[PDB]
Amino acid sequence: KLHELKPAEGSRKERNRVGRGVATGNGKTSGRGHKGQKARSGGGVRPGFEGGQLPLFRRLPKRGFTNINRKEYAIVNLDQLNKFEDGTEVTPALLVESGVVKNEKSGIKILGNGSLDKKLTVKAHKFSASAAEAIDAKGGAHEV
Amino acid sequence: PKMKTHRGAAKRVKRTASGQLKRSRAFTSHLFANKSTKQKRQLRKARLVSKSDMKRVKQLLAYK
Amino acid sequence: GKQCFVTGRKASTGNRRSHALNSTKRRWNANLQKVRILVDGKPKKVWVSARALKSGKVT
Amino acid sequence: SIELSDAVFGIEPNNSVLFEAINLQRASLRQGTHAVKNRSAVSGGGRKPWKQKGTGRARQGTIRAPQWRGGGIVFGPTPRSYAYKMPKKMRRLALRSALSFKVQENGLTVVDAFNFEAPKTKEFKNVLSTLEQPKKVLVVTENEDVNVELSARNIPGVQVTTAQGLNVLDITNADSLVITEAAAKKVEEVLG
RNA sequence: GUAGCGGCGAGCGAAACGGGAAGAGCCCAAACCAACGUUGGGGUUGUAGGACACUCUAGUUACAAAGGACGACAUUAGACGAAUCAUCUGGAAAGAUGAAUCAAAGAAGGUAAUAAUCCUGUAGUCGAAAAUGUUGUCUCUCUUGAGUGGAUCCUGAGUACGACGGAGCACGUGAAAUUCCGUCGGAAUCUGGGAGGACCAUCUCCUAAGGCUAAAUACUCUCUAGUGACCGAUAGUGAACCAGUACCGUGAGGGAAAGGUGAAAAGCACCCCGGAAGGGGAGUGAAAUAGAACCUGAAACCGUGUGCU
RNA sequence: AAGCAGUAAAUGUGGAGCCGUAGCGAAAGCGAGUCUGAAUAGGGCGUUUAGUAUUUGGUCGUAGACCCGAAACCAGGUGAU
């Protein structure tokens, strides 16, 4: 079938060539204009250049700072806990190998954006004020 | 090589959830005796980069 | 042949800075002095640094 | 003799994924090894031929410029590679599509085994006549077999490989497919 | 392209963790024990070592001290090596048309045209007077290791460090730690000393001011095998020709143009015009509008004849 | 991804790593909510929330960057026939 290969429809297009006649429309000038800076070989003004007027970033002032002891957590809402068995024990070591948490940055925090639908026992580092309200309402008990 | 980020611009804006950029205001360093109370009070609020300035500095913040 | 006989102290190169922070190359010579020190065959005249001559020495 | 799986030999070939697979294997076989000299690489041509003004000649700056005879190439070939990658799942699907395409043409035959004690090309050629195969045949094996490969590499249009050394270029090129009974089951578990 | 640096402008730009390739570590100074500024012993450090008192039968010259005698694989000439005959068109067969063959050999290059079986080769299998290199063995040399106390002793100084002037660390003297040079002042001694980004306290981790050490990495004049959706004589190295040579410059330097008869020289014996050059016949050849100003022979440009004007 | 085994094949292994599923604030922090504020009083940005890998085409950035052309600057050498 190597003599009858056929690509997909609309998946290949041919490149445009400039400066190869007038019938194409991209011939002598090739689409640059007439006797300007943008028509010369080598480029033009840099991206943020405004032609002499003060740039927007120079006009605006700086704000804030960075903290060296920034701690981040991997959030897990109450919607992603509908797959485990009823009454099972959920631990960070399991969530990282089951397929819910791909990378535990600095711990697992459980939020409450949704309903649990099951009675479980959860072990995590931090719990939302509403995550524990609904975890202890469906049975079981959480712990840090 | 990879493109470099405009360090001067990274200190003056932040990326929102919808792809916008939040900035600060101008006329806030000094000379407060020449401005009105309402004028100074309403300048403490933040704004967003206009739709015309984004077309010029898009690639400047492609990694933020 | 311009260096201490008891050590290897020699000259180096650096910069000369002005108020506007302009740079100009310059040298940092060593405090060499002609002295006659005891050698196994007989005394001779050599270049000895002032740092080595401190705390006492034989001449 | 005739046994099916319907999951590695019965799927419908995805021709859109087969094209990119064949095109990807054809670009990785070519070594560039081509280059030309440019303004700076040519020999000589450091001084200026003549001064800018003071005659009816055109201004020049070096005798090795693009418009000069024997000096300078502007944009020529450069040593580069042509290979690229593709997701792993798309690789396995393009392979299962080639195996199913053959069974759709009655081009797959399972044999018992090979008992070639020594390498004889004529004996192997007589084997292909009994099975009534086309002029080009691809032979598959569980593991390397020197005698089976020895007695067959000289015949024109005949290619021999292993179960785990298959590609889309050989399967598509071969007119018929001959695979051992046991080797066929091994290729099954690998494709899943 | 993160932290950070920056007329905080233009721009510059880390490291430690985590995944890999590779992977062994040792010798001195000092305390001390014997000799009259040769090195003779002794000893080498943080889960603190040694001196000093104390239980008591392997290493190899690529670091760790270094000097040789002893068997096998490769490198530098080679050898053997399967299988074809007719007919038609040709100046010539390998082409076409039929019938036979070898393959662990259908990689290639030649041969009067397009050859697996005509030639040189290929697959495969053998070979080394003598000379190198890589090693393996015994030979050869060199070879005493655990040391429970622990009061007294020992380590490397005009060094560490500070001030002033410079440089270097992604880091422009800045709140700048860590590392260096010149000039001056100048510590401590195991209850010691240094670091953890000024500086102090606590805690934690290390032990400077002596030396040596293979492998994983970088590069290619020039070798021996090879490879290419690279060039094909204005291209490809400046140079496919005897080229860094004709030529140019006082000199340092600059630098070209020039491939192709035919399968086989079979390179036109002889006659005629002419002083020669050149030419017309004859002859060679398949072809001489293939005769060395030699394959094919485009355009510009220069001539002769002629239908219409 | 590097690496390892493979015909310089492009396959198999390799899950450090990167993006997405949740924002808001200078930050501590809180979280389908958050910031400002005495005050969910009002207002700002989010709850609109599908993504990701490879690749053809268009444009931009760092590299000479579509081609040819200066008056000059610096470094090391050659020249008083």
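Cut-offs used in this document
- Residues numbered from 1 in each chain as written, not as in the entry; some residues may be left out.
- Chains lettered and ligands numbered in written order.
- Part of a larger assembly, values for the part shown.
- Heavy atoms only, no water.
- Near = heavy atom within 4 Å.
- Polar contact = N/O pair within 3.5 Å; in protein donor to acceptor, adjacent residues only side chain to side chain.
- Helix = DSSP H or I, 4+ residues; strand = E, 2+ residues; numbered from the N terminus.
- Nonpolar A, V, L, I, M, F, W, Y, C, P; charged D, E, K, R; others polar.
- Contact = heavy atoms within 4.5 Å.
- Buried area = accessible area lost by both parts, 1.4 Å probe.
- Salt bridge = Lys/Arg side-chain N within 4 Å of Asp/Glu carboxyl O.
- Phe/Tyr/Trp six-rings, centres within 6.5 Å; stacked < 30°, edge-to-face > 60°.
- Buried < 20%, exposed > 50% of the residue type's maximum accessible area, 1.4 Å probe, protein only.
- Arc of directions from axis to C-beta.
- Core = buried A, V, L, I, M, F, W, Y, C linked by side-chain atoms within 4.5 Å.

Caption draft 1: Quick peek at the protein's contact with RNA strand E. The full set close to RNA strand E counts 51 residues, and B:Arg7, C:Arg9, D:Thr33, D:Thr121 and D:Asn154 are the nearest of them. Restricting attention to atoms of RNA strand E within 4 Å of the protein, one finds that 62% of them are sugar or phosphate atoms. Take D:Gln31: an N or O atom from its side chain is 2.8 Å from a sugar or linking oxygen of RNA strand E. Of all elements in the fold, only β1 (12–15) of chain C together with α3 (121–131) and α4 (146–153) of chain D reach the threshold of two or more residues within the surface near RNA strand E. Its residues assigned to classes, the surface near RNA strand E comprises 11 nonpolar, 18 polar and 22 charged.

Caption draft 2: Expanded view of the interface of chain D and chain A. Contacts between the two partners involve eight residues from chain D, matched on the other side by six residues from chain A. Of the roughly 720 Å² buried between chain D and chain A on both sides combined, carbon and sulfur atoms contribute 67%. Summed over the shared surface of chain D and chain A, the number is one salt bridge. Taking the shortest distance from any N to any O, the salt bridge between D:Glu20 and A:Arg12 comes out at 3.7 Å. For the interface between chain D and chain A, the tally reads zero residue pairs in polar contact. Counting residues per element, the side of chain D that touches chain A draws most heavily on helix α1 (residues 15–27) of chain D, at six residues. Considering only residue class, the side of chain D that touches chain A consists of four nonpolar, three polar and one charged.

Caption draft 3: Summary view of the packing of aromatic side chains. All names here are of chain D. Applying the stated criterion across every chain, the model contains two aromatic pairs over all chains. Between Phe 114 and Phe 124, the ring centres sit 6.1 Å apart and the planes meet at 15°, which makes this aromatic pair stacked. In this pair, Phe 114 is assigned in the loop between β1 (108–111) and α3 and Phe 124 in helix α3, connecting sequence segments 10 residues apart. Judged by relative accessible area, which is 1%, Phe 124 ranks as buried. Between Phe 116 and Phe 124, the aromatic rings sit 5.6 Å apart at their centres with planes inclined by 35°, giving tilted as the arrangement. Accessibility classification places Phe 116 together with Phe 124 in one group, the buried group.

Caption draft 4: Expanded view of the environment of D:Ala113. Along the chain, D:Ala113 falls in the loop between β1 and α3. In this structure the C-alpha to C-alpha distance between D:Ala113 and D:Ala183, which are 70 residues apart in sequence, comes to 9.5 Å.

Caption draft 5: Molecular detail of α4(D). All names here are of chain D. Considered for burial, the residues of α4 that qualify are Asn 147, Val 148, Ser 151 and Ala 152. Down the axis of α4, the smallest arc covering the buried residues is 120°, so these residues share one side. Contacts from the buried residues of α4 go to α3 and β3 (158–160).

Caption draft 6: Structural view of the nonpolar core. By size, the foremost hydrophobic cluster in this structure holds 24 residues, and its most contacted members are D:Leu99, D:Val140, D:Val168, D:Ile171, D:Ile179 and D:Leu191. Mapped by element, the contributors of at least two residues to this core are α1, α2 (88–103), β2 (137–140), α5 (168–173), β4 (176–180) and α6 (181–190) of chain D. Each residue touching D:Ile179, except ones within four places of it in the same chain, is listed here: D:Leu108, D:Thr109, D:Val110, D:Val111, D:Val140, D:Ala184 and D:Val187. Counting residues in each nonpolar core, the second largest holds 17 residues, with A:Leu95, A:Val101, A:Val122 and A:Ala131 among its members.

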